[PDB]
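Quick notes on the structure that follows.
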Amino acid sequence: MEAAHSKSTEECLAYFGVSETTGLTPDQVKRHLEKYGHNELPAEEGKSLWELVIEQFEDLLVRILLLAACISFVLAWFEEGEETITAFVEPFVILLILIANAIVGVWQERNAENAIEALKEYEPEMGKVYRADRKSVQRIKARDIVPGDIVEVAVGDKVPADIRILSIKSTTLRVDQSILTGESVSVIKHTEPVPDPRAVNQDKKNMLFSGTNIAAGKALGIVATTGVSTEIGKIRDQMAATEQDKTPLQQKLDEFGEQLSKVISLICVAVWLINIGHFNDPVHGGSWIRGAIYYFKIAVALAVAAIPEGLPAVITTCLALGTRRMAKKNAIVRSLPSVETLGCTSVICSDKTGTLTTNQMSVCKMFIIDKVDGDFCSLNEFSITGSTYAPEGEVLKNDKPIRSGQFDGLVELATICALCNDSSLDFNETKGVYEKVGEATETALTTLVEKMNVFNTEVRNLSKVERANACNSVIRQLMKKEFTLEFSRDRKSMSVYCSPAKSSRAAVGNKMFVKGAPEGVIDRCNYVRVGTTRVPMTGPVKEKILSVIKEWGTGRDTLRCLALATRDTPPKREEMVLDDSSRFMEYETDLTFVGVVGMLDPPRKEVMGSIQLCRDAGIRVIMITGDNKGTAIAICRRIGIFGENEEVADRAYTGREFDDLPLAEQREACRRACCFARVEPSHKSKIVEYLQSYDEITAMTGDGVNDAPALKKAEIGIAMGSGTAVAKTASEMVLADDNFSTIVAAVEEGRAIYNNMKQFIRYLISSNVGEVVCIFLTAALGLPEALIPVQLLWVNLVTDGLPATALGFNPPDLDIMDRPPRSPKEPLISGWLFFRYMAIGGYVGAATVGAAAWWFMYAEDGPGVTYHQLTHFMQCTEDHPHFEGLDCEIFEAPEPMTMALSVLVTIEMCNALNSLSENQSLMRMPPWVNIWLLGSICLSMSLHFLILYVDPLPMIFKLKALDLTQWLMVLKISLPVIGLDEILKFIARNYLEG
Ligand SMILES: Nc1ncnc2c1ncn2[C@@H]1O[C@H](COP(=O)(O)OP(=O)(O)OP(=O)(O)O)[C@H]2OC3(O[C@H]21)C([N+](=O)[O-])=CC(=[N+]([O-])O)C=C3[N+](=O)[O-]
Ligand SMILES: CCCc1c([C@H]2CCCCN2CCN2CCOCC2)[nH]c2cc(OC(F)(F)F)ccc12
Ligand SMILES: [K+]
């Protein structure tokens, strides 16, 4: 029964066929249980350890690597590992990384928090029901509660199901619906049906929501829905459908890895098409075991060269360093891959109060009717100092610090503020000054009561402890508060009913004190107030009253206005049904206006400029607030979303206006709208979806467990450092200080991260493209293996992974925020940018080929047989008498291999600086700028020399030391690569445009 808020209390018991006196029979429980299931959100079907391991080994690139150790292992048992006990190491190291990477891939998951599981806190364990089999109440398990059940609740209890209320066995009933919205004010419940069947939850004044707490009182009710059909259950199935996509970089890497696989195979087929010349060999003689191993030893070597094997830890470190870096900037990033998407944001939907504004309201202006004499009108406009909730401040009539008690209309304006108020103050000594006790809007009134000191009470000898509750108190002493007609949104006002103290300071019976939205209250006003006199509400005064209201609420003051009024002859107390909010507006009719108060939720200091940063960075900002559209647009002009004289008729909509549009014109609104006023949580997801339909990367704020669906649906769900736990666990970022400028500061660091990830991603992929060249030459020309895979692994992790994890520390750009947001479908490599690194990749491939083959065909220690094409290594059998002018076994040697591995290191430390800018030269950008990078290049060398000396390592790598002079033909070959890209860089600087 999902419509139970619009049915009469008798209509619901009729629908279920239950007696409020009996409850469900045991047979009725049986049937309703099978029809509706149990009262629980579905137990999530998570993953296990056995599945996680397969996830780590389903990835293409780890699959290609996994195969590359099932071939290196074959070539270890089938290769004489007795002459070289360093043989079984090549297959063993490969597995050791797929194992370590798999281990990293899972402790990234045990800690990962599910946002849906955080909803299951608001599942209480127990609940009280009444059924047929027993006359007393039964505290049964909450999951066993079924719709149609008669259920009891009281203070402290957590509501276990969506409940329609039947009888409120207390003088009042109050509910803490803060988990839903994030608010902090208990709401009064009634029992009359709510007419609108399609009405929102804040208007379901007769419903009890599963998961919310009972603030006051005790009441009985019938259960409308259970499980996933509840209001919070309706939200779980909204996240369970949310397909959060991969970050753009993830799609680039997925597309790169998809292309890197098809590219590796492209070369493997090419090699067999070069040694399709070995297809014309005799059947005898040539050991096919020697030929097949050569191809397989080349294949396990080929795959290692292509895959950036340090990049998974290079990235997941660069991100984690910005994570700690942002935590000092108050940005708490929860999802590591989101530090990249955080910089691609183009739309930022931010709630107004708390983040854009300080949520510290205080009244700035107020006025009374001064004179009504014919069409002539006179207002008594005042102004108030003070921005905190402190009684420090004073009233100023044309800057005369006036004594407020002098004006009689000000004393009535103050009694309304103190009495028609469910908020107060209190001495705060935990932190030194004052703090709001209630609602921000109502507390601003009680503070106004203090600054006025309307009765000139003691002001000199006031201890700043019993302060702030002083002029309020002396007003509560006069009129006794009988009951309150709470604020509802149909009539947009609240009221209190008061009798006097009945002593010598009595009055004309009782009084009603009304406050609310100006238009509604003013319409119900049939009289005014001139000090203590009273006049019929006339046409001019209404126009003059409302004119100032628009000046105050629409002008550059951007004030929230409240029209205060009192009913002088209210109905007799016995004639008011206080169980029907629909009859409250009738009770608040025939009023007399007394004044209007104007308060300001002031914008934050850093907010004013952060909007302009978004303008410079091409980021559209959308405000979302509960202010009326007239004042919403007013605050947007104040912070810079709009220009003070700019038409925005089709660029700012309310909740009612947005739905009256057909789905087509809704999509076009979000493309242009920069402000929404008085929306429903159902619109935060609709706006995200429409902003997504324009391929726009959207940031969205939120606080409640009903902002959670939009937080999930958004590319970057942003939560509050004070929001409910569910909103945080459903977010990719938490503002530790509830501030908007934190978002802009986070978007800045996200670009500084990527703009440097741009380099090392291109720079490691350039070295891999370079190593693959070195293998292909050692394969076509059939040279002795110039780089064994065990050496290539050390390079692609350590001797390269420290320069790569330093380019992240590059100097941030100055125009870093003067450039528009980066596009998602921006391709990995440009046509030029690909060609550039192919030329560099081709060079470094033909230099390790040098050192590990120039150690022949022009060497001192090596053969140096430059005339005779050596090439054939294990091909030589007895073809060496006088054909090979010496021996036949130093083809394989840890002396040429240690020469290529040596030059590659020095070569890749050079490229670690060409990837410091991108187009500008080193004549302009010297290596003096990244000293973090410099002091690390030495370390990889000291490790390179550590594998060229220390006890076991040289044998492990099939490398031996160089000479104090053999570095001659290392730098003679390596260092030229700096000028190579510097040549390619002058192409773009002075002779290329876009
Ligand atoms: N359909 C609507 N009709 C009228 N008002 C709406 C409507 N929808 C929202 N609001 C108003 O907006 C204020 C809350 O919205 P806003 O300040 O933007 O955000 P929130 O406080 O809700 O918390 P959060 O945004 O999650 O951090 C409320 O204070 C008040 O009336 C409410 C309020 N209230 O009970 O909600 C009581 C009140 N008095 O005097 O009793 C004065 C308000 N006011 O002046 O704005
Ligand atoms: C980063 C370069 C590409 C690359 C991928 C791609 C291929 C397309 C599908 C998505 N993955 C990225 C997901 N992986 C899962 C395993 O943990 C690291 C992240 N998977 C690699 C594995 C590597 O193994 C190794 F151990 F060598 F790091 C190396 C590079 C890649
Ligand atoms: K999300």
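Order determines the names: the first chain of the structure tokens is A, the second B, and so forth; residues in each chain are numbered 1 upward, and ligands are numbered 1 upward as they are shown.
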Residue 612 (chain A) environment, 12 Å, only C-alpha atoms, sequence neighbours closer than 6 positions dropped, as a ChimeraX atom specification: /A:606,618-621,639-643,741,744,817-818
Per residue of chain A within 7 Å of ligand 3, what are the shortest atom pair and its distance in Å to one decimal, counting only C-alpha atoms and all ligand atoms, with rows by chain and residue number, as JSON lines?
```
{"residue": "A:244", "atom": "CA", "partner": "ligand 3", "partner_atom_place_in_ligand_line": "1 (K)", "distance": 6.2}
{"residue": "A:711", "atom": "CA", "partner": "ligand 3", "partner_atom_place_in_ligand_line": "1 (K)", "distance": 4.8}
{"residue": "A:712", "atom": "CA", "partner": "ligand 3", "partner_atom_place_in_ligand_line": "1 (K)", "distance": 2.9}
{"residue": "A:713", "atom": "CA", "partner": "ligand 3", "partner_atom_place_in_ligand_line": "1 (K)", "distance": 4.9}
{"residue": "A:714", "atom": "CA", "partner": "ligand 3", "partner_atom_place_in_ligand_line": "1 (K)", "distance": 4.7}
{"residue": "A:715", "atom": "CA", "partner": "ligand 3", "partner_atom_place_in_ligand_line": "1 (K)", "distance": 5.4}
{"residue": "A:716", "atom": "CA", "partner": "ligand 3", "partner_atom_place_in_ligand_line": "1 (K)", "distance": 5.6}
{"residue": "A:717", "atom": "CA", "partner": "ligand 3", "partner_atom_place_in_ligand_line": "1 (K)", "distance": 4.7}
{"residue": "A:730", "atom": "CA", "partner": "ligand 3", "partner_atom_place_in_ligand_line": "1 (K)", "distance": 6.7}
{"residue": "A:731", "atom": "CA", "partner": "ligand 3", "partner_atom_place_in_ligand_line": "1 (K)", "distance": 5.9}
{"residue": "A:732", "atom": "CA", "partner": "ligand 3", "partner_atom_place_in_ligand_line": "1 (K)", "distance": 6.4}
```
At most 7 Å from ligand 1 (only C-alpha atoms and all ligand atoms): residue list as number ranges by chain: A: 181-183, 351-354, 441-442, 487-490, 492-494, 515-517, 560-562, 625-627, 678, 703-704
Top pick for closest residue to residue 947 (chain A), considering A:927, A:382, A:795, A:841 and counting only C-alpha atoms: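 Checking each candidate against residue 947 (chain A), we get A:795 as the closest.
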Closest pair table for chain A residues within 10 Å of ligand 2, only C-alpha atoms and all ligand atoms, as JSON lines:
```
{"residue": "A:55", "atom": "CA", "partner": "ligand 2", "partner_atom_place_in_ligand_line": "15 (C)", "distance": 8.1}
{"residue": "A:56", "atom": "CA", "partner": "ligand 2", "partner_atom_place_in_ligand_line": "16 (C)", "distance": 5.5}
{"residue": "A:57", "atom": "CA", "partner": "ligand 2", "partner_atom_place_in_ligand_line": "16 (C)", "distance": 7.5}
{"residue": "A:58", "atom": "CA", "partner": "ligand 2", "partner_atom_place_in_ligand_line": "15 (C)", "distance": 8.3}
{"residue": "A:59", "atom": "CA", "partner": "ligand 2", "partner_atom_place_in_ligand_line": "9 (C)", "distance": 5.3}
{"residue": "A:60", "atom": "CA", "partner": "ligand 2", "partner_atom_place_in_ligand_line": "7 (C)", "distance": 5.5}
{"residue": "A:61", "atom": "CA", "partner": "ligand 2", "partner_atom_place_in_ligand_line": "21 (C)", "distance": 4.6}
{"residue": "A:62", "atom": "CA", "partner": "ligand 2", "partner_atom_place_in_ligand_line": "22 (C)", "distance": 4.9}
{"residue": "A:63", "atom": "CA", "partner": "ligand 2", "partner_atom_place_in_ligand_line": "22 (C)", "distance": 8.4}
{"residue": "A:64", "atom": "CA", "partner": "ligand 2", "partner_atom_place_in_ligand_line": "22 (C)", "distance": 9.1}
{"residue": "A:65", "atom": "CA", "partner": "ligand 2", "partner_atom_place_in_ligand_line": "24 (O)", "distance": 7.4}
{"residue": "A:66", "atom": "CA", "partner": "ligand 2", "partner_atom_place_in_ligand_line": "24 (O)", "distance": 9.5}
{"residue": "A:94", "atom": "CA", "partner": "ligand 2", "partner_atom_place_in_ligand_line": "26 (F)", "distance": 8.6}
{"residue": "A:95", "atom": "CA", "partner": "ligand 2", "partner_atom_place_in_ligand_line": "26 (F)", "distance": 9.3}
{"residue": "A:96", "atom": "CA", "partner": "ligand 2", "partner_atom_place_in_ligand_line": "26 (F)", "distance": 9.4}
{"residue": "A:97", "atom": "CA", "partner": "ligand 2", "partner_atom_place_in_ligand_line": "26 (F)", "distance": 5.8}
{"residue": "A:98", "atom": "CA", "partner": "ligand 2", "partner_atom_place_in_ligand_line": "26 (F)", "distance": 5.3}
{"residue": "A:99", "atom": "CA", "partner": "ligand 2", "partner_atom_place_in_ligand_line": "26 (F)", "distance": 8.5}
{"residue": "A:100", "atom": "CA", "partner": "ligand 2", "partner_atom_place_in_ligand_line": "26 (F)", "distance": 8.1}
{"residue": "A:101", "atom": "CA", "partner": "ligand 2", "partner_atom_place_in_ligand_line": "26 (F)", "distance": 5.6}
{"residue": "A:102", "atom": "CA", "partner": "ligand 2", "partner_atom_place_in_ligand_line": "17 (O)", "distance": 6.8}
{"residue": "A:103", "atom": "CA", "partner": "ligand 2", "partner_atom_place_in_ligand_line": "17 (O)", "distance": 9.5}
{"residue": "A:104", "atom": "CA", "partner": "ligand 2", "partner_atom_place_in_ligand_line": "17 (O)", "distance": 7.8}
{"residue": "A:105", "atom": "CA", "partner": "ligand 2", "partner_atom_place_in_ligand_line": "17 (O)", "distance": 6.1}
{"residue": "A:106", "atom": "CA", "partner": "ligand 2", "partner_atom_place_in_ligand_line": "17 (O)", "distance": 9.8}
{"residue": "A:249", "atom": "CA", "partner": "ligand 2", "partner_atom_place_in_ligand_line": "1 (C)", "distance": 9.6}
{"residue": "A:250", "atom": "CA", "partner": "ligand 2", "partner_atom_place_in_ligand_line": "10 (C)", "distance": 7.0}
{"residue": "A:251", "atom": "CA", "partner": "ligand 2", "partner_atom_place_in_ligand_line": "10 (C)", "distance": 8.0}
{"residue": "A:252", "atom": "CA", "partner": "ligand 2", "partner_atom_place_in_ligand_line": "3 (C)", "distance": 8.8}
{"residue": "A:253", "atom": "CA", "partner": "ligand 2", "partner_atom_place_in_ligand_line": "3 (C)", "distance": 5.1}
{"residue": "A:254", "atom": "CA", "partner": "ligand 2", "partner_atom_place_in_ligand_line": "8 (C)", "distance": 3.8}
{"residue": "A:255", "atom": "CA", "partner": "ligand 2", "partner_atom_place_in_ligand_line": "8 (C)", "distance": 6.7}
{"residue": "A:256", "atom": "CA", "partner": "ligand 2", "partner_atom_place_in_ligand_line": "3 (C)", "distance": 6.5}
{"residue": "A:257", "atom": "CA", "partner": "ligand 2", "partner_atom_place_in_ligand_line": "7 (C)", "distance": 4.1}
{"residue": "A:258", "atom": "CA", "partner": "ligand 2", "partner_atom_place_in_ligand_line": "8 (C)", "distance": 5.8}
{"residue": "A:259", "atom": "CA", "partner": "ligand 2", "partner_atom_place_in_ligand_line": "8 (C)", "distance": 9.1}
{"residue": "A:260", "atom": "CA", "partner": "ligand 2", "partner_atom_place_in_ligand_line": "3 (C)", "distance": 8.1}
{"residue": "A:261", "atom": "CA", "partner": "ligand 2", "partner_atom_place_in_ligand_line": "7 (C)", "distance": 8.7}
{"residue": "A:304", "atom": "CA", "partner": "ligand 2", "partner_atom_place_in_ligand_line": "27 (F)", "distance": 8.5}
{"residue": "A:306", "atom": "CA", "partner": "ligand 2", "partner_atom_place_in_ligand_line": "30 (C)", "distance": 9.3}
{"residue": "A:307", "atom": "CA", "partner": "ligand 2", "partner_atom_place_in_ligand_line": "30 (C)", "distance": 5.6}
{"residue": "A:308", "atom": "CA", "partner": "ligand 2", "partner_atom_place_in_ligand_line": "30 (C)", "distance": 5.2}
{"residue": "A:309", "atom": "CA", "partner": "ligand 2", "partner_atom_place_in_ligand_line": "27 (F)", "distance": 3.3}
{"residue": "A:310", "atom": "CA", "partner": "ligand 2", "partner_atom_place_in_ligand_line": "28 (F)", "distance": 5.8}
{"residue": "A:311", "atom": "CA", "partner": "ligand 2", "partner_atom_place_in_ligand_line": "1 (C)", "distance": 5.4}
{"residue": "A:312", "atom": "CA", "partner": "ligand 2", "partner_atom_place_in_ligand_line": "18 (C)", "distance": 4.9}
{"residue": "A:313", "atom": "CA", "partner": "ligand 2", "partner_atom_place_in_ligand_line": "28 (F)", "distance": 7.3}
{"residue": "A:314", "atom": "CA", "partner": "ligand 2", "partner_atom_place_in_ligand_line": "1 (C)", "distance": 9.2}
{"residue": "A:315", "atom": "CA", "partner": "ligand 2", "partner_atom_place_in_ligand_line": "1 (C)", "distance": 8.4}
{"residue": "A:316", "atom": "CA", "partner": "ligand 2", "partner_atom_place_in_ligand_line": "18 (C)", "distance": 9.1}
{"residue": "A:761", "atom": "CA", "partner": "ligand 2", "partner_atom_place_in_ligand_line": "1 (C)", "distance": 8.4}
{"residue": "A:764", "atom": "CA", "partner": "ligand 2", "partner_atom_place_in_ligand_line": "2 (C)", "distance": 9.7}
{"residue": "A:765", "atom": "CA", "partner": "ligand 2", "partner_atom_place_in_ligand_line": "2 (C)", "distance": 8.5}
{"residue": "A:793", "atom": "CA", "partner": "ligand 2", "partner_atom_place_in_ligand_line": "27 (F)", "distance": 9.3}
{"residue": "A:796", "atom": "CA", "partner": "ligand 2", "partner_atom_place_in_ligand_line": "27 (F)", "distance": 9.1}
{"residue": "A:797", "atom": "CA", "partner": "ligand 2", "partner_atom_place_in_ligand_line": "27 (F)", "distance": 9.1}
```
Alpha helix (DSSP H) positions in region 365-411 of chain A, given as JSON, numbers by chain: {"A": [408, 409, 410, 411]}
Point-to-point distance in Å for CA of residue 610 (chain A) and CA of residue 324 (chain A): 22.2 Å
Close residues, region 281-290 of chain A itself excluded, 9 Å, only C-alpha atoms, min 3 positions apart in chain, as number ranges by chain: A: 277-278, 293-294, 874-875
Neighbour list for region 333-347 of chain A as number ranges by chain, cut-off 8 Å, only C-alpha atoms, skip fewer than 2 positions in-chain: A: 247-249, 316, 319-320, 322-323, 326-327, 331, 349, 618-622, 691, 696-699, 715-716, 731-734, 746-751, 753-754, 821-824
Mind writing the picked residues with C-alpha atoms as a PDB file, in the first residue's frame?
```pdb
ATOM      1  CA  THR A 247      37.314   7.260 -15.338  1.00  0.00           C
ATOM      2  CA  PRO A 248      38.556   8.590 -18.711  1.00  0.00           C
ATOM      3  CA  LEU A 249      42.155   7.569 -18.015  1.00  0.00           C
ATOM      4  CA  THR A 316      48.373   4.394  -7.889  1.00  0.00           C
ATOM      5  CA  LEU A 319      47.226   9.617  -6.973  1.00  0.00           C
ATOM      6  CA  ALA A 320      47.764   8.651  -3.325  1.00  0.00           C
ATOM      7  CA  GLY A 322      47.729  14.074  -4.058  1.00  0.00           C
ATOM      8  CA  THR A 323      45.230  12.420  -1.714  1.00  0.00           C
ATOM      9  CA  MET A 326      44.460  17.515  -0.650  1.00  0.00           C
ATOM     10  CA  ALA A 327      43.669  16.452   2.926  1.00  0.00           C
ATOM     11  CA  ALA A 331      39.535  17.946   0.275  1.00  0.00           C
ATOM     12  CA  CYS A 349      26.104  21.725  -8.834  1.00  0.00           C
ATOM     13  CA  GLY A 618      35.440  27.170 -18.342  1.00  0.00           C
ATOM     14  CA  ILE A 619      33.507  25.440 -15.545  1.00  0.00           C
ATOM     15  CA  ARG A 620      29.769  26.091 -15.357  1.00  0.00           C
ATOM     16  CA  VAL A 621      28.521  26.464 -11.775  1.00  0.00           C
ATOM     17  CA  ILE A 622      24.893  25.774 -10.841  1.00  0.00           C
ATOM     18  CA  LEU A 691      24.121  17.052 -17.884  1.00  0.00           C
ATOM     19  CA  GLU A 696      29.552  16.815 -19.484  1.00  0.00           C
ATOM     20  CA  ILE A 697      31.490  15.608 -16.439  1.00  0.00           C
ATOM     21  CA  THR A 698      29.301  16.711 -13.538  1.00  0.00           C
ATOM     22  CA  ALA A 699      30.059  17.458  -9.889  1.00  0.00           C
ATOM     23  CA  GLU A 715      30.686  11.568 -12.001  1.00  0.00           C
ATOM     24  CA  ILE A 716      32.000  13.195  -8.807  1.00  0.00           C
ATOM     25  CA  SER A 731      30.670   9.941  -2.419  1.00  0.00           C
ATOM     26  CA  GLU A 732      33.969  10.230  -4.258  1.00  0.00           C
ATOM     27  CA  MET A 733      34.987  13.257  -2.142  1.00  0.00           C
ATOM     28  CA  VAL A 734      34.091  14.747   1.253  1.00  0.00           C
ATOM     29  CA  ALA A 746      40.434  20.228  -5.565  1.00  0.00           C
ATOM     30  CA  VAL A 747      39.767  20.735  -9.283  1.00  0.00           C
ATOM     31  CA  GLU A 748      43.027  22.705  -9.441  1.00  0.00           C
ATOM     32  CA  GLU A 749      45.127  19.916  -7.927  1.00  0.00           C
ATOM     33  CA  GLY A 750      43.403  17.381 -10.176  1.00  0.00           C
ATOM     34  CA  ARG A 751      44.735  19.225 -13.222  1.00  0.00           C
ATOM     35  CA  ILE A 753      48.160  15.825 -11.266  1.00  0.00           C
ATOM     36  CA  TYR A 754      47.019  14.902 -14.784  1.00  0.00           C
ATOM     37  CA  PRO A 821      38.160  21.590 -18.851  1.00  0.00           C
ATOM     38  CA  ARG A 822      39.814  18.703 -20.667  1.00  0.00           C
ATOM     39  CA  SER A 823      37.667  16.576 -22.974  1.00  0.00           C
ATOM     40  CA  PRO A 824      36.928  12.903 -22.180  1.00  0.00           C
TER      41      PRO A 824
END
```
Exercise: residue 497 (chain A) partners within 10 Å, only C-alpha atoms, chain neighbours under 5 positions left out, as a list in words: residues 419, 420, 479, 480, 481, 482, 483, 484, 485, 510, 511, 512, 513, 514, 566, 567, 570 and 573 of chain A
Selection: 8 Å around residue 681 (chain A), only C-alpha atoms, excl. self and same-chain fewer than 4 positions, as number ranges by chain: A: 685, 706-707, 710
Suppose we keep N, CA, C and O atoms; can you now write the selection as a short mmCIF file (atom, residue, chain, number, x, y, z; two decimals), in the first residue's frame?
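The result, written out as again_11.cif:
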```
data_model
loop_
_atom_site.label_atom_id
_atom_site.label_comp_id
_atom_site.auth_asym_id
_atom_site.auth_seq_id
_atom_site.Cartn_x
_atom_site.Cartn_y
_atom_site.Cartn_z
N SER A 685 19.08 13.98 -9.45
CA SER A 685 19.46 12.92 -10.38
C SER A 685 19.04 13.26 -11.80
O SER A 685 19.78 12.97 -12.75
N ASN A 706 18.93 10.78 0.77
CA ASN A 706 18.21 10.96 -0.48
C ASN A 706 19.00 11.77 -1.50
O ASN A 706 18.60 11.82 -2.67
N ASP A 707 20.09 12.42 -1.09
CA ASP A 707 21.07 12.90 -2.05
C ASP A 707 21.98 11.79 -2.54
O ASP A 707 22.67 11.96 -3.55
N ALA A 710 21.77 10.82 -6.35
CA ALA A 710 22.42 11.79 -7.22
C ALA A 710 23.93 11.77 -7.04
O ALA A 710 24.68 11.89 -8.01
#
```
Non-local contacts of residue 864 (chain A) (12 Å; only C-alpha atoms; under 4 positions in same chain excluded) as an NGL selection string: :A and (852-860 or 868-870 or 884-886 or 890-891 or 896)
Expected answer as a PyMOL selection string: strand (DSSP E) residues in region 614-661 of chain A: chain A and resi 620-625+653-654
For the residues in that selection, give me C-alpha atoms as a compact mmCIF listing (two decimals), in the first residue's frame.
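Final file, again08.txt:
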```txt
# COMPACT_ATOMS: atom_id res chain seq x y z
CA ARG A 620 29.77 26.09 -15.36
CA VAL A 621 28.52 26.46 -11.78
CA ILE A 622 24.89 25.77 -10.84
CA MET A 623 23.45 26.96 -7.53
CA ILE A 624 20.77 24.92 -5.76
CA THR A 625 18.83 26.49 -2.90
CA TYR A 653 13.86 27.50 -12.90
CA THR A 654 12.06 26.28 -9.80
```
Enumerate, in order of chain and increasing residue number, the residues of region 793-905 of chain A with an atom no farther than 7 Å from region 931-946 of chain A, each with its shortest atom pair and distance in Å to one decimal, counting only C-alpha atoms, as a Markdown table.
```
| residue | atom | partner | partner_atom | distance |
| --- | --- | --- | --- | --- |
| A:798 | CA | A:940 | CA | 6.9 |
| A:799 | CA | A:940 | CA | 4.9 |
| A:802 | CA | A:936 | CA | 6.7 |
| A:803 | CA | A:933 | CA | 6.2 |
| A:806 | CA | A:933 | CA | 5.0 |
| A:807 | CA | A:933 | CA | 6.9 |
```
Of the listed residues A:898, A:984, A:348, A:157, that which approaches residue 673 (chain A) most closely, counting only C-alpha atoms: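 Using only C-alpha atoms, residue 673 (chain A) sits closest to A:348.
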Nearest candidate to residue 12 (chain A) (options A:224, A:718, A:368, A:200; using only C-alpha atoms): A:224
